[PDB]
Structure formats: C-alpha cells, structure tokens
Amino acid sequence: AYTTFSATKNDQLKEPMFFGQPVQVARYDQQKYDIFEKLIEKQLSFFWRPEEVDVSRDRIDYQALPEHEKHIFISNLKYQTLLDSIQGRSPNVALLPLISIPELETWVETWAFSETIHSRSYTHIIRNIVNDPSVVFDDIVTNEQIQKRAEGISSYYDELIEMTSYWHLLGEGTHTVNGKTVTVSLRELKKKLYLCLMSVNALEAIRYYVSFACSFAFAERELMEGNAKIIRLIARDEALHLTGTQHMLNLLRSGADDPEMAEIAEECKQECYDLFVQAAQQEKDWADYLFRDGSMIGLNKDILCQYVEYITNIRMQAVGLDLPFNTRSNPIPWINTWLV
C-alpha cells in the first residue's frame, strides 16, 4: 500500500494528515496547515552546531563536583542521550509511512534531524568532560533506572511500526498467518497512532523539561556553563517540537481533520489521562535515584516532583485534558531565564 511516489494526481489540501494517500511531490507553496510550514521555517532559522560551544572548562568543573552531584549530572545526561537517540530515528521510521500531507512530512523530517543534532551535542559534552566516554555510553542500555524511567517509550513506537506493517502488507480484515488469525483494523491503527502521538507529546513536553531543570540548576551556580549553553539551544528547539505535537493532537481531537480521529480521542480520554500521570510518576521515581546520596544547591526531590507536577498540569490542559495535580505557581521561577 505504501509507495514513495503515488502515481495519482491528488489534492494535498484535502488529504487527512495521516492514512490518506502517500505524498508524492513535496510542495511548500501551499499547505492544509500553515503551522507545519512555519515550524519548518523556524527550526531552520535555529540551526546550530554543537562544536561551536566551548565546553573545555566543564571538564574542570565536573571534576570539582561533590560526587553525588557528579551522579546527578551524568545520570541526567545519560537519560537525555537515550531520549534523543529514540527521537532521531523514530519520528522517521514510525510516522513517515503514514503521513498524507507534505508539510507534515517535511516537518517530521526537520524535527527528527534536529534530534540527531541534540544527540551529537551529548557526545560533544561527554567526550569533553569524562575521558573514557564508553563508561557512560554503555551504561545507557543496561542501567536499570534509565530503563524504568524510559519504560514504555520504545513500546508505543514498536507496536505502531508492527501494526503499520500488517496494514500495508495485508490491508484490513481477518487474515491467517501460519495457522494464526491476525485481524487488521484501521480504527485500532488510528488509536495506536493517537496514543503514540500523545506519548511523544508527553516525552517532549515533560520528560525533557525535567532534565533541563537539573542542567540549569548547575548553571545558576556558574557550574557547567558550556553544557548549559547547549541545553539552552536544545530547549529552544523543543519548544517548537512540543508546538508541533500539540497542534497535531488538537487538530485530531477537534474533528477538523478526520472525524473518526475525534471519536477516538474522546473514547481514549481516560487512557491519555492515566498515561500522562504514569509519565509524571516515572519522573518522580527517578528523582529518588537522582537525589539518593544528597541534593544540591537549588534542587532536591521535593522541589522536583513539585516542578514535574506543575509542568504536567500545564501540558495536560494544553492538549485539553484535566489536571491531575493541585495547582501551583512555578516552584523554580529562576528556570525561565534559561528557558522561556
């Protein structure tokens, strides 16, 4: 069913965002949704290369850090490297085979490309501060706690990729594959896309924002400046990445794009709620790992689930869900000097 150039002259302004006919000519002169084209212009305007940032003094600062603080810093860096490794390849292998309008196709490619610049940033920081990089890169894959926090991210992507493969190969219906019946259903595939997309939104909206806080706390003490300059540039990109996912989900939820997608949003409302609360909870549980050997000036586990509670509430009402946490002002207003 998938093709890299569908031979049908079709009207790309009238196609749904997903599961319509595959894009053939990449046009940018008109668009169903201007927002995706604007996010492409803005992300190209923000292009930056990690190597321009001097992180040489960070090697000295990290070495002087009080051990539990070296742990807080590198543990958070290791989790940041894991997320951007998944965000470099996955928008592309998971969403590109389903997009039917060109501007969202080129936005998903600009977004995945700015994710690999973030992964390149983390090699630039690690190699500069730790002298045997292999010690931190190999601990990403097997570290129990990084896997508990990231639990569930690969799963959503992988199930969507697998389901997409059945759909494109076999189409809808009940089929037999070696004695087993396999039912392919487009409604199910749309719920899977929807939940996947709400999970990417929770990843960029919440999961990165908790790590920015740990990086900028060091920056407030004039430590790890350098790492902070890079995390600032990354934070500016993520504001756009998050704008993109919020627009995609509000458009699907509003019924403006595919009527059936709005039905699915409403039916899936409780599972979205619980899934956001589980993402927040994983961040909280993580704070226990991070601050087990003691806290640092400006940040501890108490100020952190507070901040995760605050940021989850902001992101959840943005995508029209109900707030799970009791309303707060921002517990760490100093962070806005580094973010927005």
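We number the residues from 1 along the sequence you see.
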(message) Can you tell me whether 197-205 has a higher mean C-alpha B factor than 215-223 in this record, or the other way round?
(response) 215-223
(message) Going by the mean C-alpha B-factor recorded in the entry, which is higher: 33-41 or 288-296?
(response) 288-296
(message) Looking at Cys272, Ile311, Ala26, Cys305, which one carries the largest C-alpha B-factor according to the PDB entry?
(response) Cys272
(request) Pick out which of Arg57, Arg49, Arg315, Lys70 has the highest C-alpha B-factor in the PDB entry. (result) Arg57
(request) Within this chain's modelled residues, let me know which third the CA B factor of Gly255 belongs to: lowest, middle or highest. (result) highest
(request) Ordered by C-alpha B-factor within the chain, which third holds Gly152? Give me lowest, middle or highest, please. (result) highest
(request) Rank-wise, by C-alpha B-factor, drop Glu172 into the lowest, middle or highest third of its chain. (result) middle
(message) Where does the C-alpha B-factor of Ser134 rank in its chain, lowest, middle or highest third?
(response) middle
(request) Compare the C-alpha B factor of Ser85 with those of the other modelled residues in its chain, then answer lowest, middle or highest third. (result) lowest
